[PDB]
There are 6 protein chains.
Amino acid sequence: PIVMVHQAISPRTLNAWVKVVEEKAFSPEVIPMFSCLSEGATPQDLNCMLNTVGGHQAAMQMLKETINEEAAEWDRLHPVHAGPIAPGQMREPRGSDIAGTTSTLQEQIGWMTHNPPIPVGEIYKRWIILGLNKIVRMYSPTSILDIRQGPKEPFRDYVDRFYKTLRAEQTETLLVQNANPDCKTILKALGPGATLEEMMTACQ
Amino acid sequence: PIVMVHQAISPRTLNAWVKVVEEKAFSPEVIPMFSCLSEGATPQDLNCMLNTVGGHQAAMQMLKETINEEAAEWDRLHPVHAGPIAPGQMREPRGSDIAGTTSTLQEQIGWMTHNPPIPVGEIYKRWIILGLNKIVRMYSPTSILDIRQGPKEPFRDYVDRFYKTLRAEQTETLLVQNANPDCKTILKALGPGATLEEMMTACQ
Amino acid sequence: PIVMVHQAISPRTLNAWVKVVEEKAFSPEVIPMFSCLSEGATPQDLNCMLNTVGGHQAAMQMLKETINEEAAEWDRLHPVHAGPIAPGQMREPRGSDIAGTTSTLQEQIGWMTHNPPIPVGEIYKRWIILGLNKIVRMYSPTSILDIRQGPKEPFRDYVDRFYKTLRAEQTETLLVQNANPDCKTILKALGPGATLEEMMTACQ
Amino acid sequence: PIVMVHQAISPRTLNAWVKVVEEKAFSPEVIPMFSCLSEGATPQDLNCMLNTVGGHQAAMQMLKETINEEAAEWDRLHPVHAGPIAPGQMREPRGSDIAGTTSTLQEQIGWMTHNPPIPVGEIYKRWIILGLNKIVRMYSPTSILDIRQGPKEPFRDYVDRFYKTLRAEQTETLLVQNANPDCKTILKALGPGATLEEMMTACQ
Amino acid sequence: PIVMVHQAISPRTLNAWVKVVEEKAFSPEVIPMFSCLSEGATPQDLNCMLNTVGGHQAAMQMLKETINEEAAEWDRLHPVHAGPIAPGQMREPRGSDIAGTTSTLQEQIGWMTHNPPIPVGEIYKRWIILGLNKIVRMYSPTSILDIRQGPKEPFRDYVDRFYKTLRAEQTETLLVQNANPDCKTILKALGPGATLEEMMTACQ
Amino acid sequence: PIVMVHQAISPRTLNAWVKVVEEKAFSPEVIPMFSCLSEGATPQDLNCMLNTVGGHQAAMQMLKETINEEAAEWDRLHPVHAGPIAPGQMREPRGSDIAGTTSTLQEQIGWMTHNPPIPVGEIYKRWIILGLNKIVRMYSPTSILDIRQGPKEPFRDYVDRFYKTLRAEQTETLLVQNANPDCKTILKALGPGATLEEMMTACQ
């Protein structure tokens, strides 16, 4: 990462990420973890994070596909002049450079710490997150329509499932509709505009 | 966090927080842990802490609601001038900026390290803690009225339960009332103004 | 802590303390651990240490009581001038300021790093330790009078129990008296002034 | 590593690598881990990484063989002048120097931090990775031709196996061919040019 | 420790020591560990190490006794002038100051970083090690005279026990004498002056 | 270690080493680990590493013997002038000084950071490694002559055992000779000059 000087990604960071993906798979909270562990990361750093994941290769291939789509759109909006670059001068990044596949770390650092910056790390991270969001939505096991409160399920546990699902598929009305009959009666009686807090206290 | 320069949240910090919320849920001591792990945090840092929590999504939604209430009150007391901001100058933060949803890290650092500072990290942390306090009180399993000393419960174990409950629901009189008959006799005989220490030694 | 600049308490430190209190409860060695983990700590730091403890709330309440007693005595000996403080100047700390309940971290740092210093961290730590000492003595399970060497207990194991107890309740004569008959005979025969080393070798 | 000054490889780094090779053997993701843990490494550092591996000595011998092949090719393209080197001057590296077997750390640092640099760490790392790639391909247990979707295997689990295999042996057409009859029917009906995402949603 | 500036003992260091004493008790290697973990330590640091040990209070009392003996001898050889010390000047350390019981950390740092230094940390560490050596010898379970090679004990395992014992009680002749009859025959036949290496190869 | 300033050996480093020797004993990879963990170490540092090992005291005694042999040879080649050394000047190291038994850390640092340096850490490390190599060879359980491929042993597993053994005892011809009849037939048919890679692919 660039913290301005460059510092190698730490083994602690790498290991934390790889373990999260191992334990959580693609639960929604994995995206914030990725974003939080990669602050100021270069494209090379980001590729270390993705490439050290051993499992989930279907997902990782989908991710490459999304990245390639964004890289091709980058090339469309920002064509680079073909031909020998000015001796000693910073060149223009193309999509594959931003994605760190055809750029060196030295070049990435140069872009990222230039004045003004070409924020290749930040641009790449956006493409990755776009791809991760698709994966999170795909691996969500259950439709929000199928999250319904059980006959003996505490309201809080139901609300946990409801919002966990909503977060993945990435409301209060459906929330009341999908509640069991005893809670629904209480909830409807609350009237319009009840906060979640008021609903949860009511069905406690 | 801002320690003045900015430093990325550490994986150790993130992991510690996420594990606390996993193991303790919303026991009262989680609030001091949050406050202790987020010293000098920016709004982006604080959002990393909240967003990496995978479970308890009912609570996390309640928390968003409280934050939105405080953000709307911030907007009421401190309206921001609409229109193109002065070239190169620091803009005024609105509620969503303080909450880090419509502000960049660069802007947060600028506010927080300005002279004088606009302490957006400290303002946001107060809103979060206000929200966490409501959650702690909601998830408290038992009324202080129902914490009563068992027939064969050591006084110390009862006092532990009593003050643990009190802390969550966020005294000595109720304490004596809820004691068992053998201890209550001893306690009443102590007279008024006994310290906890004296009561505990008496019923040992 | 102040190490002169301020640095946030580390998660490692916090976690170490919380685990010690979990595993050891209030065994005597917990006090030196507290003192060793909080070197140069501000009142805010010290409160993080105490407040993140989840259990033992009877003890933690006793501790608050002792702190309040010391704070009231501080106020007695060092009254603070009431009224608007001199613009831009350092104010006098009262008891609740030293205890970090009515003071900000900024003020604590100012006091602690002033010339000469008002050592609020060191003053508060003394009050806490005074309170912890009372708790250690209260939670000591057994009277030194009841630590007696078993018929088949090795002398070393008995001496371990004897001094562990003594440390908590916070000698050689009682030590010999409480020894079993076979060791007592050997010990008495040693004569006066024997070192612990000589006694232990004799009963080996 | 060189981070410009030299810093010893960290025990954390060493331990992380040795554990990866223990747990993952030569699964493909081990190569990115190696590359990510050895950023800016000297030849001495790289040799520490390889030499501390206790098992897999067949692989480690194959790796030495590949390194020796690259070192002999280096000598072919870049012969070094034989005879006493200029007093106090930097000498030319031969293959065994780059591989760190006949060079000192001091010399490696000198080459790597010279102007312009002789990037011996980067050159050696390329030879190692070339060797590791051969090993990964050799230890791949199964031909991509034998990765076929089971009758009751979810499409996602099959795609995971397919791309994990492809990565090791280091497509969509074979992917559809090797699918079970129920998914193949759906896939063929999608028409040409379907993304992985579309195929996976279709067979979900 | 003093590394010249002072730095607080680390929780990692403290925890490592306390765990060693827990797991190894007073096996001989504990002394080198103590010495290695306390490099440049002040008396306060050293007291943190000793005082955080929860068990073995017989040993810890013996250790205090030895320290007091050395402190009284220090006072004998280096009496301190009684009376008000020169305003603002460094005072002379007595035994209890070196042992850190009547000296502040500030004073210890002053002594240790003075020109020339009064090396109170190094002097105290010597007294502690003297005390630890006595404890190690006391807790050695078995006489070197009783370490004899079993009928089916491999020579290497016997030699391990022999030198482990010797280290605690703190040779080749006894080594050969205590060997079993089959090895003794081989050893005697080696002649005088055999290295351990030669003996071990012979009885392999 | 000297990194130029001196820094105390880290508890992490110490603990890593002690654990390696516990788990691996004297498997060959322990030597590279020792060398990698002790970069720039002083003689005092190296002695911490050796002395904190609790087990294997036969080996540790053999190691002392080898060190003493090298120290006596050092004294033979580099005699030190006897008599009072020049006030304030650096003295000449003898063997026991290099081995850190009669030298202080201060003197070691002085030698190691002098211009030109007397590299006592590097000289001692060579003696230790010489001693460790003898131990590794002694504790190798099996002759390379006895490493033969089992009737149903995969070729790769056999090659692993063969090179692991070779490394300890510290080839392709013996490799083919010791192979089982089915692989030997294939191997012989490969002709001369086959790489390990080609042999392993052939017998896969």
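Residues numbered from 1 in each chain as written, not as in the entry; some residues may be left out. Chains lettered and ligands numbered in written order. Heavy atoms only, no water. Residues with missing side-chain atoms left out of burial classes, pairs and counts.

Undergrad: Would you mind going over the relation of the copies chain A and chain D with me for this structure?
TA: The two chain copies are related to each other by a rotation about an axis together with a translation along it. The two copies are related by a screw operation: chain A maps onto chain D through 60° of rotation and 0.0 Å of translation along the axis, at an RMSD of 0.0 Å. Here the two chains are linked by the operation of a six-fold rotation axis. When C-alpha positions in chain A are compared against the rotation axis, the closest is assigned to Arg12(A), at 8.4 Å. (Least-squares fit on C-alpha atoms.)

Undergrad: It is not clear to me how the interface of chain A and chain D should be interpreted in this structure. Could you clarify?
TA: One frequent convention defines the size of an interface as the accessible area lost when the parts assemble. Contacts between the two partners involve 25 residues from chain A, matched on the other side by 22 residues from chain D. Here chain A packs against chain D, burying approximately 2,000 Å² in sum over the two surfaces, 59% of which is carbon and sulfur. A salt bridge links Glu197(D) to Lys134(A); its shortest N-O distance comes to 2.7 Å. If you look at where chain A meets chain D, you find 8 residue pairs in polar contact. Secondary-structure elements contributing two or more residues to the side of chain A that touches chain D are α1 (11-24), α3 (43-51), α4 (57-77) and α7 (120-139) of chain A. (Contact = heavy atoms within 4.5 Å. Buried area = accessible area lost by both parts, 1.4 Å probe. Salt bridge = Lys/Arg side-chain N within 4 Å of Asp/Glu carboxyl O. Polar contact = N/O pair within 3.5 Å; in protein donor to acceptor, adjacent residues only side chain to side chain. Helix = DSSP H or I, 4+ residues; strand = E, 2+ residues; numbered from the N terminus.)

Undergrad: I keep staring at the interface of chain D and chain F and nothing clicks. Help me out?
TA: Across the contact, 25 residues belong to chain D and 22 residues belong to chain F. Of the roughly 2,000 Å² buried at the junction of chain D and chain F (both faces included), carbon and sulfur atoms supply 60%. Viewed at the interface, chain F and chain D are joined by 1 salt bridge. Summed over the shared surface of chain D and chain F, the number is 8 residue pairs in polar contact.

Undergrad: Got a minute to help me understand the packing of aromatic side chains in this structure?
TA: Ring pairs (aromatic) are described by centroid distance and by the angle formed between their planes. Counted according to the given criterion, the structure contains 36 aromatic pairs over all chains. Ring centres of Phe162(B) and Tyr163(B) lie 5.2 Å apart, and the angle between their planes is 75°; this geometry places the pair in the edge-to-face category. Between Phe26(D) and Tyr139(D) the ring centres are 5.6 Å apart and the planes differ by 85°, which places this aromatic pair in the edge-to-face class. Of this pair, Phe26(D) sits in the loop between α1 (11-24) and α2 (30-37) while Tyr139(D) is found in helix α7 (residues 120-139), placing the two residues 113 residues apart along the sequence. Judged on exposure class, the residue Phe26(D) and its partner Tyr139(D) are both buried. One aromatic cluster is present, built from ring pairs that chain together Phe155(A), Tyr158(A), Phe162(A) and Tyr163(A). (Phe/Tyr/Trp six-rings, centres within 6.5 Å; stacked < 30°, edge-to-face > 60°. Buried < 20%, exposed > 50% of the residue type's maximum accessible area, 1.4 Å probe, protein only.)

Undergrad: Would you take a moment to explain the domain arrangement of chain A for this structure?
TA: Residues and elements named next belong to chain A. As assigned here, chain A comprises domain 1 (1-143) and domain 2 (144-204). Computed from C-alpha coordinates alone, the two centres of domain 1 and domain 2 are separated by 38 Å. Counting residues at the interface gives 10 residues for domain 1, matched by 10 residues for domain 2. Carbon and sulfur atoms make up 52% of the area that domain 1 and domain 2 hide from each other, which totals about 870 Å². At the surface where domain 1 touches domain 2, the tally comes to 0 salt bridges. (Domains from an automatic or database assignment.)

Undergrad: What is the right way to look at the state of the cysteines in this model?
TA: Disulfide: a covalent bond connecting the sulfur atoms of a pair of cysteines. For the structure on display, the rule yields 6 disulfides over all chains. For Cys48(A), the disulfide goes to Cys36(D), at an S-S distance of 2.0 Å. With the S-S bond torsion at -105°, the cross-link from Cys48(A) to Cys36(D) turns out left-handed. Taken together, the positions of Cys48(A) in helix α3 and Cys36(D) in helix α2 put the pair across two chains. Look at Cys36(D) and you get buried, because its relative accessible area is 5%. The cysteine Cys183(B) is free of any disulfide, with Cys203(B) supplying the nearest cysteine sulfur at 3.9 Å. (Disulfide = S-S within 2.5 Å.)

Undergrad: Would you mind going over a positive patch on the surface with me for this structure?
TA: Together, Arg12(A), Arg12(B), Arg12(C), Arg12(D), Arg12(E) and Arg12(F) line one region of the surface with positive charge. Counting through the fold element by element, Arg12(F) comes out in helix α1 (residues 11-24). (Patch = residues over 30% accessible without salt bridge, like charges linked within 9 Å, V, L, I, M, F, W, Y side chains within 5 Å. Areas by Shrake-Rupley, 256 points an atom, 1.4 Å probe, with all protein chains shown as cover. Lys, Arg positive; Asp, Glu negative; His and termini not counted. Charge placed at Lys NZ, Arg CZ, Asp CG, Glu CD.)

Undergrad: I tried to follow helix α8 (residues 155-169) of chain A on my own but got confused; where do I start?
TA: Every α-helix carries 3.6 residues per turn, so stepping three or four residues along brings you back to the same face. Taking 1.5 Å of rise per residue, 15 residues should cover 21 Å, and α8(A) covers 21 Å from first to last C-alpha, within 8% of that figure. For α8(A), the complete set of buried residues consists of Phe155(A), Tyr158(A), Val159(A), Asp160(A), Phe162(A), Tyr163(A), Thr165(A) and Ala168(A). As for α8(A), its buried residues are in contact with α7, α9 (172-177), α10 (181-190) and α11 (196-202) of chain A together with α4 (57-77) of chain B. A positive backbone phi angle near 20° is found at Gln170(A), which sits one or two residues after α8(A). (Expected span 1.5 Å × (residues − 1).)

Undergrad: Hey, could you run me through the packing of α4(A) against α7(A) in this one?
TA: Working note: a packed helix pair is described by the angle between its axes plus the distance between those axes. Residue and element names in this part refer to chain A. Across the interface, α4 lies against α7 with an axial gap of 9 Å and an inter-helix angle of 140°. Here α4 is positioned oblique relative to α7, judged by the angle of their axes. Handedness of the crossing formed by α4 with α7: right-handed. For the pair formed by α4 and α7, the contact residues are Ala58, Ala59, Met62, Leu63, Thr66, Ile67, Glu69, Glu70, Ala71 and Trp74 on the first element and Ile123, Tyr124, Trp127, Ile128, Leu130, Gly131, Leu132, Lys134, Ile135, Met138 and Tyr139 on the second. Of the residues assigned to the contact of α4 with α7, the class counts are 16 nonpolar, 2 polar and 3 charged. (Axes fitted to C-alpha atoms, helices over the stretch in contact; angles between N-to-C directions. Parallel < 35°, antiparallel > 145°, perpendicular 65-115°, else oblique. Left-handed = near helix turned anticlockwise from the far one by under 90°. Nonpolar A, V, L, I, M, F, W, Y, C, P; charged D, E, K, R; others polar.)

Undergrad: Help me understand unusual backbone geometry in this model?
TA: Excluding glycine, most residues fall at negative phi; most peptide bonds, likewise, are trans. The omega angle of the peptide bond from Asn115(A) to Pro116(A) is 0°, so this bond is cis rather than trans. As for its placement among the helices and strands, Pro116(A) is situated in the loop between α6 (105-112) and α7. Unusually for a residue other than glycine, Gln170(B) sits at a positive phi of about 20°. Tracing the backbone through its elements, the reader meets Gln170(B) in the loop between α8 (155-169) and α9 (172-177). Phi angles above zero are rare outside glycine, and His56(F) is one such case at about 50°.

Undergrad: What is the right way to look at the packing of helix α3 (residues 43-51) of chain E against helix α7 (residues 120-139) of chain E in this model?
TA: All names here are of chain E. Put simply, α3 and α7 touch, their axes get as near as 9 Å, and they point 30° apart. In terms of orientation, α3 and α7 fall into the roughly parallel class. Between α3 and α7, the contacting residues are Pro43, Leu46, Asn47 and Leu50 on the first element and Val120, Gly121, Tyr124, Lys125 and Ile128 on the second. For the contact of α3 with α7, a count of residues per class yields 6 nonpolar, 2 polar and 1 charged.

Undergrad: Explain the arrangement of the chains to me, please; I cannot follow it from the model alone.
TA: In this assembly chain C lies apart from chain D, the nearest approach of their C-alpha atoms being 17 Å. Of all C-alpha pairs spanning chain A and chain F, none lies closer than 15 Å, and the two are not in contact.

Undergrad: How should I be thinking about the side chain of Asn47(B) in this particular structure?
TA: Looking at the element boundaries, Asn47(B) is found in helix α3 (residues 43-51). Apart from residues no more than four positions distant in its own chain, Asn47(B) is found in contact with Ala99(B), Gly100(B) and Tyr124(B).

Undergrad: Looking at this structure, how should I read the relation of the copies chain D and chain F?
TA: With an axial shift of 0.0 Å and an RMSD of 0.0 Å, the rotation relating chain D to chain F amounts to 60°. Residue by residue, only 4% of the interface of chain D is reproduced at the interface of chain F, so the copies engage with different surfaces.

Undergrad: For this particular structure, what's the right way to read the pattern of salt bridges?
TA: Opposite charge on two side chains permits pairing when their charged atoms draw close. Enumeration according to the criterion identifies 48 salt bridges over all chains in this entry. A salt bridge links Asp97(F) to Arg91(F), with the nearest nitrogen and oxygen atoms 2.9 Å apart. On the basis of relative accessibility, which here comes to 26%, the residue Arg91(F) falls in the partly exposed class. Each of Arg91(A), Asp97(A) and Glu107(A) takes part in one network of salt bridges that share partners.

Undergrad: Any chance you could explain the nonpolar core here in plain terms?
TA: Within soluble globular proteins, side chains that are nonpolar tend to cluster in buried spots. Ranked by size, the top nonpolar core spans 359 residues in total, and within it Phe155(A), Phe155(B), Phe155(C), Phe155(D), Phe155(E) and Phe155(F) carry the most contacts. The greatest single-element share of this core, amounting to 11 residues, is contributed by α7(E). Beyond its immediate sequence surroundings of up to four residues, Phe155(F) is in contact with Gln149(F), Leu175(F), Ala179(F), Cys183(F), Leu187(F), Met199(F), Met200(F) and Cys203(F). (Core = buried A, V, L, I, M, F, W, Y, C linked by side-chain atoms within 4.5 Å.)

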